[PDB]
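Presented below is the structure to which this report refers.
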Amino acid sequence: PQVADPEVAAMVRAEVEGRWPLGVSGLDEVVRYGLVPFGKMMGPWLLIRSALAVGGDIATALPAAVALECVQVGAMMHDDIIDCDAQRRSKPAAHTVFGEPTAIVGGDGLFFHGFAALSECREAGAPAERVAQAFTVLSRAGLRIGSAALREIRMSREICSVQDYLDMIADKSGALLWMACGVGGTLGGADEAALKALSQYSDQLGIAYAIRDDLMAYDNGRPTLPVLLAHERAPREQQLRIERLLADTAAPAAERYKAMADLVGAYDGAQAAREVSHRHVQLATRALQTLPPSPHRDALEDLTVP
Amino acid sequence: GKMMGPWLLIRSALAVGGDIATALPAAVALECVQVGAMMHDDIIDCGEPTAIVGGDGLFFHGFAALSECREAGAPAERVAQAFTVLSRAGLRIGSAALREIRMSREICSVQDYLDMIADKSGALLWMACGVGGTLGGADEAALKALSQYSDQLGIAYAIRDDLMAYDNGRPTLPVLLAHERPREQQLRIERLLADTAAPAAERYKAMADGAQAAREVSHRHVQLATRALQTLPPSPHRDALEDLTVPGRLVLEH
Ligand SMILES: CC(C)=CCC/C(C)=C\CC/C(C)=C\CSP(=O)(O)OP(=O)(O)O
Ligand SMILES: [Mg+2]
């Protein structure tokens, strides 16, 4: 290869740890609680690779990667307030620890640390025209995620078309990926064709990740793709009860759950979901081939492979 | 009546030689941030799910539309600085709001109270002045004037909100300024809001029984707010900014 290959996920952690280190107080303490433990940090990792994949600078993509981390943690800290399915492995919710008002302010401080970190990209050398278009990309993507999250709450206990669900999770998971790739590609100086490719890669990989989440239950009241594909195939009589249990509000969820795995298994909803997920992974790798060959494009391609 | 920020942003932009076609989409953008911020304020004061996410969405709308000022013809170098100004203002408010939740049931220092409302109310106005002035092409001296003006105007109106209750129970400047001026009445002031089991309508009358001092503090900041305007060049927009200093006839409700 002609370009280098850094260790992205470890570099971002050093930058976030530097900005909000151990021992912070005030609002920084609530910001740090949301950030740590760090974990994979795939969002920021995706932005830097997307920036470097088109010729960008690490120094320009780095503050935007912190911005990506802050916005994602801000959205997670607020989503924990309105949604409550506490997996016994889930990190204790910030509202459980600090109280609901502090989780509200804390998530907002994370959002504005994001905007402030993205504002620093100008100081890092990016042209002012690029920083503003990055904010436009960042802002529009966040609006897609927000709109999808609300329809996710509203569409619970209801059966929807399979295509509506795909459009649903694309605006939540795909926009979450596009926000990293679109801002990374923008600051890297990508032309319109590369940004469209990174947009296609984001949408297609985002569908795959969303389906993968539906599958770990089978490998809430939320409609999932295996149930939806199973409903599509089941004859009329099984379709009604599939609808009536999800519509049901006063029947044990544990029995509705196991009475749902029976329908998904009977009509191969789980396997049908993998093939749909497989179809979109192939479209994601296809989209990447537009980008110039590099280790960064290789890193983005490997990410599709489970 | 309405929020000072939209009007305050436009006058700030035009007072430094700015364009109206730039300030108009920006003030719309500025409203989105403030309106979204208030949606979250209604939750810390106690539908909540739609209010949380919809409040978040208005922040993104504010920055999207602030970037949209490139469509209005604004120099991208000014818009870039507007992002920096707006972002640091939200950080000041968030730190101030956090201190507020952690100030209840406790008498604080006056200087600690002024900085809180300065970082809360002043930065909220600075969120309007600073963004507006930036998109108007102000130099560093004008932006300084707008900073001190917004901080001093925010304090003054924050006190006026404190007075309106006397003519809830979180400490206000009159309660504090009354405390600082005997030892026994220092205790009496502290216990009642710390107190958790008592009639609210009575601790209200018992607390009323410093407010005039709050007006002198408020007046001192109105002068500082007006002095900061002198750093700006004389114009109708600067005169309109002096008009807002005198209380006038506003809503005066939350
Ligand atoms: C992180 C962030 C951006 C904001 C956190 C704080 C929130 C949610 C709202 C603050 C509202 C402001 C800035 C001023 C109204 S004080 P007032 O006395 O005029 O009226 P009020 O107290 O709002 O009734
Ligand atoms: Mg309030």
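Could you check residue B:245 against (1) surrounded by 15 or more Cβ atoms within 10 Å (Cβ to Cβ); (2) assigned to a helix (DSSP H, G or I); (3) of a type outside the set (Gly, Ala, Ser) and say which number it fails?
Going through the list (1) surrounded by 15 or more Cβ atoms within 10 Å (Cβ to Cβ); (2) assigned to a helix (DSSP H, G or I); (3) of a type outside the set (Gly, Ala, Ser), residue B:245 breaks only (2).
Taking the criterion of being surrounded by fewer than 20 Cβ atoms within 10 Å (Cβ to Cβ) and within 16 Å of residue A:136 (Cβ to Cβ), would at least one residue in region A:201-213 satisfy it?
no
Considering region B:28-37 alone, what residues qualify as being away from chain A (no Cβ under 12 Å) and within 12 Å of ligand 1 (Cβ to nearest atom)?
At the first step, the residues of region B:28-37 found to be away from chain A (no Cβ under 12 Å) are B:28, B:30-31, B:34-35.
Listed by number, the residues that qualify are B:34, B:35.
I need the full set of residues from region B:38-85 which are at the interface with chain A (Cβ under 7 Å from one of its Cβ atoms) and farther than 19 Å from residue A:145 by Cβ, in order please.
Listed by number, the residues that qualify are B:43, B:44, B:70, B:76, B:77, B:79, B:80, B:83, B:84.
Considering only residues that are among the hydrophobic types (A, V, I, L, M, F, W, C) and surrounded by fewer than 23 Cβ atoms within 10 Å (Cβ to Cβ), which ones fall in region A:176-194?
A:193, A:194
What are the residues in region A:91-110 that are at the interface with chain B (Cβ under 9 Å from one of its Cβ atoms) and touching an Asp or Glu at 6+ places or on another chain (Cβ under 7 Å), if any?
The answer is none; no residue qualifies.
Being touching a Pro at 6+ places or on another chain (Cβ under 8 Å) and more than 13 Å from ligand 1 (Cβ to nearest atom) narrows it down to one of B:15, B:21, so name that one.
B:15
For region B:11-26, enumerate the residues that are surrounded by fewer than 23 Cβ atoms within 10 Å (Cβ to Cβ) and either in a helix (DSSP H, G or I) or in contact with a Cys (Cβ under 9 Å, 6 or more places away or on another chain) (or both). Give the steps one after another, and end with the answer.
Of the residues in region B:11-26, the ones surrounded by fewer than 23 Cβ atoms within 10 Å (Cβ to Cβ) are B:14, B:17, B:19-21, B:24-25.
If the condition is that a residue be surrounded by fewer than 23 Cβ atoms within 10 Å (Cβ to Cβ) and either in a helix (DSSP H, G or I) or in contact with a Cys (Cβ under 9 Å, 6 or more places away or on another chain) (or both), then B:14, B:20, B:21, B:24, B:25 are the ones that fit.
Scanning for something in contact with a helix residue (DSSP H, G or I) (Cβ under 6 Å, 6 or more places away or on another chain), of a type in the set (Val, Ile, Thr) and more than 16 Å from ligand 1 (Cβ to nearest atom), does region B:169-184 turn up at least one residue?
No.
I need the full set of residues from region B:202-226 which are more than 19 Å from residue B:163 (Cβ to Cβ) and over 18 Å from the mean Cα position of the chain (by Cα), in order please.
Within region B:202-226, just B:202 meets the criteria.
Just checking, which of A:73, A:105 is within 16 Å of ligand 1 (Cβ to nearest atom), among the hydrophobic types (A, V, I, L, M, F, W, C) and within 16 Å of the chain's Cα centre (by Cα)?
Every option except A:73 fails the conditions.
So which residues in region B:8-64 are more than 13 Å from residue B:134 (Cβ to Cβ), of a type in the set (D, E, K, R) and either more than 17 Å from the chain's Cα centre (by Cα) or more than 16 Å from ligand 2 (Cβ to nearest atom) (or both), if there are any at all?
Result: B:11, B:31, B:45, B:48, B:56.
For residue A:36, indicate whether it is in contact with a helix residue (DSSP H, G or I) (Cβ under 8 Å, 6 or more places away or on another chain) and β-branched (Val, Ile, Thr).
Answer is no for this residue.
Each reported figure results from applying straightforward, stated rules to the coordinates on display, with no laboratory input. Neighbour counts are summed over all protein chains in view; Cβ atoms, including those assigned to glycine, are modelled from backbone coordinates with ideal geometry.
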